[PDB]
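Novice: Would you mind keeping the following structure in view while I ask a few things?
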Amino acid sequence: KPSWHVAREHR
Amino acid sequence: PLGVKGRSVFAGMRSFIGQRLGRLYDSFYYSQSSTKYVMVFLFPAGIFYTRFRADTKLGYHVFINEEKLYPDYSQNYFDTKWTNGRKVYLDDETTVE
Amino acid sequence: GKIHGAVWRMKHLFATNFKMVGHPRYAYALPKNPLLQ
Amino acid sequence: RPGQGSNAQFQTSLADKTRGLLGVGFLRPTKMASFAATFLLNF
Amino acid sequence: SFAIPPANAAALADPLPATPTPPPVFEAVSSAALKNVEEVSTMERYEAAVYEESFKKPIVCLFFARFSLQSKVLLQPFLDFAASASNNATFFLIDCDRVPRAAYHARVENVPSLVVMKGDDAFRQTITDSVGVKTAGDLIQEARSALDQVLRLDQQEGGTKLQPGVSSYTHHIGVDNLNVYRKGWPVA
Amino acid sequence: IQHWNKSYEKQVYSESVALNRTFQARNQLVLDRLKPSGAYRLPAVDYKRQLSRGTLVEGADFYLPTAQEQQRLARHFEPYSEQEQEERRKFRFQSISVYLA
Amino acid sequence: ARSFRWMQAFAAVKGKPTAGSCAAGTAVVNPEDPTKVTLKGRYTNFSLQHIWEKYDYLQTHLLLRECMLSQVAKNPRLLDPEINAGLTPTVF
Amino acid sequence: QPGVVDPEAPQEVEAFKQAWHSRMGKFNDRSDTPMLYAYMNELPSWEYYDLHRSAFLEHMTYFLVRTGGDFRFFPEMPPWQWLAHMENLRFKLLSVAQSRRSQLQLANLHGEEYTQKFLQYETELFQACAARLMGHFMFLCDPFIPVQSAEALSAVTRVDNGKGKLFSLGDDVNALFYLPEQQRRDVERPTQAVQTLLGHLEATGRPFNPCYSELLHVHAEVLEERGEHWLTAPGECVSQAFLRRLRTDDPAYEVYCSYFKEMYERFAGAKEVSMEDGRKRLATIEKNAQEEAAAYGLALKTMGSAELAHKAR
Ligand SMILES: CCCCCCCCCCCCCCCCCC(=O)OC[C@H](COP(=O)([O-])OCC(O)COP(=O)([O-])OC[C@@H](COC(=O)CCCCCCCCCCCCCCCCC)OC(=O)CCCCCCCCCCCCCCCCC)OC(=O)CCCCCCCCCCCCCCCCC
Ligand SMILES: CCCCCCCCCCCCCCCCCC(=O)OC[C@H](COP(=O)([O-])OCC(O)COP(=O)([O-])OC[C@@H](COC(=O)CCCCCCCCCCCCCCCCC)OC(=O)CCCCCCCCCCCCCCCCC)OC(=O)CCCCCCCCCCCCCCCCC
Ligand SMILES: CCCCCCCCCCCCCCCCCC(=O)OC[C@H](COP(=O)([O-])OCC[N+](C)(C)C)OC(=O)CCCCCCCCCCCCCCCCC
Ligand SMILES: CCCCCCCCCCCCCCCCCC(=O)OC[C@H](COP(=O)([O-])OCC[N+](C)(C)C)OC(=O)CCCCCCCCCCCCCCCCC
Ligand SMILES: CCCCCCCCCCCCO[C@@H]1O[C@H](CO)[C@@H](O[C@H]2O[C@H](CO)[C@@H](O)[C@H](O)[C@H]2O)[C@H](O)[C@H]1O
């Protein structure tokens, strides 16, 4: 589940 | 050592209430905006309104004999048709007219 | 009943040991043996 | 000053401060409605 | 499932070892006890202070760490503030790595940190710069203001109005569970 | 393709700048004024941070309030005073008489 | 060789464990007085060890970068060896 | 409590501890059978950084640079000022990179691993440079300034305008040190340092890449954010500052301590030498220094990592 990309809401 | 001389149990109550309110404000501040506003204002408010209206006012189930007597609710939104058996809350001074 | 069973086992397993004057976790509080050196 | 170099970049517009006061991208009433719906469905 | 390995010899080693000192030439640069404070090195001393002296008269504790340069910058002005207001309050100098339980107690998250304490929960005001905008002078001014406030409140209402709060029943157990031993509660 | 995707990125970053400006404004207007002092903060630390600090304790779902009760198993000679022993001897059995009454 | 003495020392001390992969403290209770308990270790307000165990080196790396900047502010010709060797990303 | 004969036994204690941990985990942890993880739109620090490893790295590097400190003081939630500055720096870097890509990659016709490799290679490079300099006591020697050529001698003498002294060591130290005047023994700002470095490199004809240049500039900016005293205290030197900020649990702690001890005990007895007496010496120093630099490439294959080896080849 962990990722290297951050979404817009969690920026 | 319970209690201190010169201080009053009422002052202690006031201090405790202040602590509780400050803690509540801190916990509300450090919370999710998606859930706290709803769960703290909108559900309580609606529940309060519903309970108060039910336990204070008095309601009536209204029916109509024929369909030709039904009202015209085509324009107003959220109710485009009459349904018999409708719960209607009224005030004690309301008349038939 | 749970307490009864616990005490009933404590009896058999402690009262005739000669090694459990108390619980081992508190042996630091016992006096020191004059025979050891 | 230590942080003046960074705090100089923080100059907002009138519309920006109004939008912040209103909380456009931080209140998310759609998120609130989604939460309410999910919470009621969880019954 | 969540776990953290217990510890290592490195972590348990001395956090404050000695380092070589230079000769009297490197010290020659362009920018070139204390009888008023108490350097704390023991949680016993810290607790004695917080539980007796903080109830008698207020205390001001500076929590620092060697790696920090803000602490070196703030040390001297803190010593001057101590020499100034040593009659009204006590002054302590704490290192977080040498006495961590004192830092956990005061709820310090960044260094350096001033902490004004009276009653251990009656007036605990923490001054720090979590952003990095303030300076030593600003921190010392905030500390003076907090000390003035606590003294005024202590004089207010015949000495009362400053009573311990949650620490009266928490004993700082949620902050540091090791206070259960102090209180004598079991751990089995 | 290339041009459209690069322009998409550029407008994404424009939106990011707008979001950042409104974020700064929201904070420095509302939240820096409504921020709690910290006096009424939560009087506890998370168990994970305690475990990392080496401070967590897990046991004693119960407790012993008085030192007289704490040091019983350590005294080994007078776990209960004489008066306490005499008081305890009155509860060797439950009182079915009191129960019935 | 004697110049790379320090490189040899660094390579010797290569994979020694640190505090960034484990807890920073441990409690020890005095057996004679269980009411007395000591905390051996350091301070930490940090719990993301399962992530920092892989970047532990960044602290000293950035320290070295700052020190290199300080030295280069006086003499920038100290890096020329690596530039000539072709280690850094450069456009001759 | 269980109805066993000895509830205070180690078996019972350990069982209680394991049950405690398992309960707390089953309740709080993010799993496929979650109890408490629900209605999540704004995550706390721990879960946020566990899910977004990119932000943990950025938020951590910014903390170590903006505030020279240890990871053990990493804040629970960062300030909005820091977040905004990070966003601005990201905008800058990505603008530069996007322009360069537009102009090169199209005319031509897993980020975690790449970042890990980049950081590992960079730390190895800086460690190797530090070792090379410590080989001749040129790593951290302030207020002194090392010199290995007459050009550099003149360049660093132009600092104090010919004033100051020059010191030497005998045939084992392959460079000569320069002491400016006490009023000019200061340290320079990081932006000025980066500008000087880039100017010298571009004058020599060896400019860095634009991305790396922007990286250096942002590093210097976040360092400037510290304020007046960004690296050293008033009555402090760079070596003392390094030993101060050095992580104690670092394996190289004893190595650096030994180096600084030796450097101190050498500079304490170092001899003084005039200006003209060094230039003739600086010639042979430059000769043997270029020889050692040529040998360095092979020396990297001796103990350096495969990355350094392949990049040297
Ligand atoms: C109109 C719009 C309405 C919308 C709302 C608007 C705002 C109104 C106010 C809010 C009202 C809602 C209250 C919600 C609070 C609880 C739920 C919650 O979310 O809290 C989370 C919130 C945050 O908690 P957290 O973030 O999870 O962790 C921090 C801890 O809470 C931090 O803990 P701590 O370290 O700071 O201190 C420990 C804490 C512990 O709190 C807790 O952690 C949990 C508390 C347990 C809650 C449920 C307990 C139910 C127990 C069963 C009762 C059985 C009694 C049997 C008696 C038999 C004897 C005959 O102590 C307490 O505060 C609890 C005290 C009361 C417990 C009483 C139980 C009996 C014991 C009696 C003790 C002696 C009396 C007290 C004397 C004090 C000295 C004067 O909790 C708190 O902030 C403090 C706890 C709440 C205390 C009560 C606050 C006052 C509430 C007033 C209610 C009156 C409403 C009526 C208004 C009038 C309408 C007409
Ligand atoms: C008008 C004003 C307002 C009204 C107030 C009226 C007057 C009361 C004032 C307040 C109390 C007295 C104040 C002055 C006392 C001064 C003397 C003194 O200091 O010591 C006391 C005085 C002497 O004390 P002592 O010096 O220490 O020596 C004591 C003796 O050594 C003996 O010690 P022991 O260890 O041998 O204990 C003997 C015990 C023996 O141990 C036992 O209790 C075993 C049996 C327990 C039965 C199950 C318990 C269920 C409890 C439910 C309670 C609520 C029920 C609802 C209430 C209405 C029930 C119809 O027997 C009992 O005394 C307890 C009887 C409990 C009531 C029986 C309820 C019926 C049970 C039905 C079971 C069968 C179900 C199947 C039915 C089908 C049949 C065909 O003795 C007493 O008065 C004992 C007090 C009894 C209180 C009840 C026991 C505690 C149970 C707690 C239940 C939960 C209540 C929650 C309270 C409310 C919430 C906060
Ligand atoms: C009425 C039916 C009740 C039945 C169910 C409740 C259980 C029955 C037992 C009584 C319940 C109350 C027990 C209170 C125990 C607290 C005593 C105490 O010392 O607390 C510390 C406080 C604070 O003390 P202090 O901090 O100011 O000074 C002392 C400091 N130490 C402790 C360090 C020495 O002391 C008090 O001032 C007394 C508080 C209790 C009196 C109020 C009762 C609380 C219940 C009502 C809640 C609503 C409050 C607002 C009321 C407004 C009235 C208009
Ligand atoms: C015989 C009866 C026995 C039964 C006991 C009866 C009495 C006790 C019953 C209590 C049980 C029910 C308790 C449920 C409480 C849930 C409410 C709640 O926590 O809220 C949801 C929110 C949810 O927060 P959250 O969404 O961030 O996280 C919740 C949990 N997770 C993480 C899993 C999602 O909780 C809060 O954060 C705030 C709670 C404290 C505030 C309580 C409301 C009063 C607020 C007044 C302050 C107003 C300030 C306004 C300022 C405006 C400007 C900023
Ligand atoms: C902070 C303290 C708060 C404590 C709680 C106080 C109560 C707050 C709610 C009061 C509501 C007042 O508002 C009023 O409510 C009553 C009851 O619904 C309504 O009154 C209604 O019931 C009463 C009883 O027959 C009659 O007036 C009439 O039949 C009808 O109009 C009023 O039309 C409305 O104006």
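Just remember, in the structure tokens the first chain shown is A, the second B, etc., residues are 1-based per chain, and ligands are 1-based in the order shown.
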Could the residues that lie within 9 Å of ligand 4, counting only C-alpha atoms and all ligand atoms, be listed as JSON, numbers by chain?

Specialist: {"B": [21, 22, 23, 24, 25, 26, 27, 28, 29, 30, 31, 32, 33, 34, 35, 36, 37, 38, 39, 40, 41], "F": [30, 31, 34, 35], "H": [35, 36, 37, 38, 39, 40, 41, 42, 43, 44]}

Novice: Can you write just those residues out, C-alpha atoms, as a PDB file, in the first residue's frame?

Specialist:
ATOM      1  CA  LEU B  21     -13.819  23.069  28.195  1.00  0.00           C
ATOM      2  CA  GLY B  22     -10.218  23.764  27.221  1.00  0.00           C
ATOM      3  CA  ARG B  23      -9.590  20.071  26.639  1.00  0.00           C
ATOM      4  CA  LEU B  24     -12.735  19.855  24.510  1.00  0.00           C
ATOM      5  CA  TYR B  25     -11.621  22.803  22.391  1.00  0.00           C
ATOM      6  CA  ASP B  26      -8.165  21.280  21.937  1.00  0.00           C
ATOM      7  CA  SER B  27      -9.618  17.915  20.914  1.00  0.00           C
ATOM      8  CA  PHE B  28     -12.037  19.568  18.487  1.00  0.00           C
ATOM      9  CA  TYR B  29      -9.236  21.624  16.940  1.00  0.00           C
ATOM     10  CA  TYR B  30      -7.014  18.563  16.482  1.00  0.00           C
ATOM     11  CA  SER B  31      -9.601  16.522  14.620  1.00  0.00           C
ATOM     12  CA  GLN B  32     -10.736  15.773  11.086  1.00  0.00           C
ATOM     13  CA  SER B  33     -12.812  18.485   9.435  1.00  0.00           C
ATOM     14  CA  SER B  34     -14.703  15.813   7.493  1.00  0.00           C
ATOM     15  CA  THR B  35     -16.265  14.241  10.602  1.00  0.00           C
ATOM     16  CA  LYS B  36     -16.184  16.640  13.541  1.00  0.00           C
ATOM     17  CA  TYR B  37     -18.435  19.399  12.204  1.00  0.00           C
ATOM     18  CA  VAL B  38     -21.068  16.873  11.141  1.00  0.00           C
ATOM     19  CA  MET B  39     -20.983  14.706  14.263  1.00  0.00           C
ATOM     20  CA  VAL B  40     -20.930  17.723  16.596  1.00  0.00           C
ATOM     21  CA  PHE B  41     -23.422  20.139  15.005  1.00  0.00           C
TER      22      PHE B  41
ATOM     23  CA  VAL F  30      -7.682  31.560  11.051  1.00  0.00           C
ATOM     24  CA  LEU F  31      -5.526  28.820  12.526  1.00  0.00           C
ATOM     25  CA  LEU F  34      -7.509  29.812  16.913  1.00  0.00           C
ATOM     26  CA  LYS F  35      -4.518  27.650  17.834  1.00  0.00           C
TER      27      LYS F  35
ATOM     28  CA  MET H  35     -11.202  -1.717  13.868  1.00  0.00           C
ATOM     29  CA  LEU H  36     -10.185   1.928  14.341  1.00  0.00           C
ATOM     30  CA  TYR H  37      -8.788   2.764  10.888  1.00  0.00           C
ATOM     31  CA  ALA H  38     -11.981   4.106   9.333  1.00  0.00           C
ATOM     32  CA  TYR H  39     -13.326   7.375   7.937  1.00  0.00           C
ATOM     33  CA  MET H  40      -9.803   8.521   7.074  1.00  0.00           C
ATOM     34  CA  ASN H  41      -9.408  11.719   5.062  1.00  0.00           C
ATOM     35  CA  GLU H  42      -6.769  13.544   7.130  1.00  0.00           C
ATOM     36  CA  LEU H  43      -4.100  11.142   8.286  1.00  0.00           C
ATOM     37  CA  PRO H  44      -1.859  11.530  11.347  1.00  0.00           C
TER      38      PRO H  44
END

Novice: Residues within 9 Å of ligand 3 (only C-alpha atoms and all ligand atoms), as a list in words?

Specialist: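 Going residue by residue within 9 Å of ligand 3, we get residues 1, 2, 3, 4, 7, 8, 9, 10, 11, 12, 13, 14, 15, 16 and 17 of chain B; 161, 162, 163, 164, 165, 166, 167, 168 and 169 of chain E.
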
Novice: Please write out the residues within 7 Å of ligand 2 as a list in words, counting only C-alpha atoms and all ligand atoms.

Specialist: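 What falls inside 7 Å of ligand 2 is residues 90, 91, 93, 94, 95, 96, 98 and 99 of chain F.
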
Novice: Show which residues sit within 9 Å of residue 6 (chain A), as a VMD selection string. Count only C-alpha atoms, and ignore same-chain residues fewer than 6 positions away.

Specialist: chain H and resid 51 to 55

Novice: Go ahead and write the residues just picked, C-alpha atoms, as a compact mmCIF listing (two decimals), in the first residue's frame.

Specialist:
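What follows is the written file part-v6.txt:
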# COMPACT_ATOMS: atom_id res chain seq x y z
CA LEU H 51 2.02 5.66 3.24
CA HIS H 52 3.92 8.52 1.56
CA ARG H 53 7.63 7.76 1.78
CA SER H 54 8.38 10.63 -0.61
CA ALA H 55 7.15 13.23 1.88

Novice: With only C-alpha atoms considered, list every residue of chain A at most 7 Å from chain H, as an NGL selection string.

Specialist: :A and (1-6)

Novice: To check your reading of the model: which residues sit at most 7 Å from ligand 5 when counting only C-alpha atoms and all ligand atoms? Write the answer as number ranges by chain.

Specialist: B: 52-53, 56-57, 91-93

Novice: Please produce a file of the residues just selected, as a PDB file, in the first residue's frame, where the atoms kept are C-alpha atoms.

Specialist:
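Below is the file that was written, out_35.pdb:
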ATOM      1  CA  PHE B  52     -38.450  18.528  20.362  1.00  0.00           C
ATOM      2  CA  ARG B  53     -41.053  18.679  17.599  1.00  0.00           C
ATOM      3  CA  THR B  56     -43.836  19.173  22.141  1.00  0.00           C
ATOM      4  CA  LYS B  57     -46.110  19.612  19.124  1.00  0.00           C
ATOM      5  CA  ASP B  91     -49.964  24.526  16.488  1.00  0.00           C
ATOM      6  CA  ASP B  92     -52.690  24.524  19.114  1.00  0.00           C
ATOM      7  CA  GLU B  93     -54.232  27.681  17.613  1.00  0.00           C
TER       8      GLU B  93
END

Novice: Mind giving me the straight-line distance from CA of residue 9 (chain C) to CA of residue 31 (chain G) in Å, one decimal?

Specialist: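 Rounded to one decimal, the two atoms are 28.5 Å apart.
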
Novice: Identify all chain C residues at most 12 Å from chain F by counting only C-alpha atoms; ligands do not count. Present them as a list in words.

Specialist: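 Those within range of chain F come out as residues 20, 21, 22, 23, 24, 25, 26, 27, 28, 29, 30 and 31 of chain C.
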
Novice: Convert the current residue selection to file output with N, CA and C atoms, as a PDB file, in the first residue's frame.

Specialist:
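Everything below was put into again-v7.pdb:
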ATOM      1  N   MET C  20       9.866 -22.048  49.513  1.00  0.00           N
ATOM      2  CA  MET C  20       9.004 -20.893  49.315  1.00  0.00           C
ATOM      3  C   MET C  20       8.544 -20.419  50.690  1.00  0.00           C
ATOM      4  N   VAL C  21       9.382 -19.606  51.330  1.00  0.00           N
ATOM      5  CA  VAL C  21       8.930 -18.888  52.511  1.00  0.00           C
ATOM      6  C   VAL C  21       8.031 -17.740  52.090  1.00  0.00           C
ATOM      7  N   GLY C  22       8.306 -17.161  50.928  1.00  0.00           N
ATOM      8  CA  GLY C  22       7.436 -16.194  50.305  1.00  0.00           C
ATOM      9  C   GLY C  22       7.466 -16.364  48.803  1.00  0.00           C
ATOM     10  N   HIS C  23       7.208 -15.291  48.072  1.00  0.00           N
ATOM     11  CA  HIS C  23       7.286 -15.402  46.624  1.00  0.00           C
ATOM     12  C   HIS C  23       8.689 -15.032  46.147  1.00  0.00           C
ATOM     13  N   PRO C  24       9.220 -15.711  45.128  1.00  0.00           N
ATOM     14  CA  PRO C  24      10.607 -15.437  44.720  1.00  0.00           C
ATOM     15  C   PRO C  24      10.844 -14.008  44.273  1.00  0.00           C
ATOM     16  N   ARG C  25       9.824 -13.331  43.748  1.00  0.00           N
ATOM     17  CA  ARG C  25       9.993 -11.959  43.291  1.00  0.00           C
ATOM     18  C   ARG C  25      10.270 -10.987  44.427  1.00  0.00           C
ATOM     19  N   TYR C  26      10.172 -11.430  45.681  1.00  0.00           N
ATOM     20  CA  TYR C  26      10.385 -10.568  46.837  1.00  0.00           C
ATOM     21  C   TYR C  26      11.473 -11.107  47.755  1.00  0.00           C
ATOM     22  N   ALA C  27      12.324 -11.998  47.246  1.00  0.00           N
ATOM     23  CA  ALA C  27      13.400 -12.555  48.053  1.00  0.00           C
ATOM     24  C   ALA C  27      14.458 -11.520  48.410  1.00  0.00           C
ATOM     25  N   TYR C  28      14.501 -10.391  47.700  1.00  0.00           N
ATOM     26  CA  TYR C  28      15.461  -9.349  48.039  1.00  0.00           C
ATOM     27  C   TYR C  28      15.236  -8.819  49.447  1.00  0.00           C
ATOM     28  N   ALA C  29      14.006  -8.910  49.949  1.00  0.00           N
ATOM     29  CA  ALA C  29      13.674  -8.374  51.259  1.00  0.00           C
ATOM     30  C   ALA C  29      14.011  -9.327  52.395  1.00  0.00           C
ATOM     31  N   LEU C  30      14.333 -10.578  52.092  1.00  0.00           N
ATOM     32  CA  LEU C  30      14.667 -11.527  53.136  1.00  0.00           C
ATOM     33  C   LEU C  30      16.029 -11.198  53.743  1.00  0.00           C
ATOM     34  N   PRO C  31      16.235 -11.525  55.017  1.00  0.00           N
ATOM     35  CA  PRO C  31      17.578 -11.419  55.593  1.00  0.00           C
ATOM     36  C   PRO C  31      18.559 -12.310  54.851  1.00  0.00           C
TER      37      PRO C  31
END
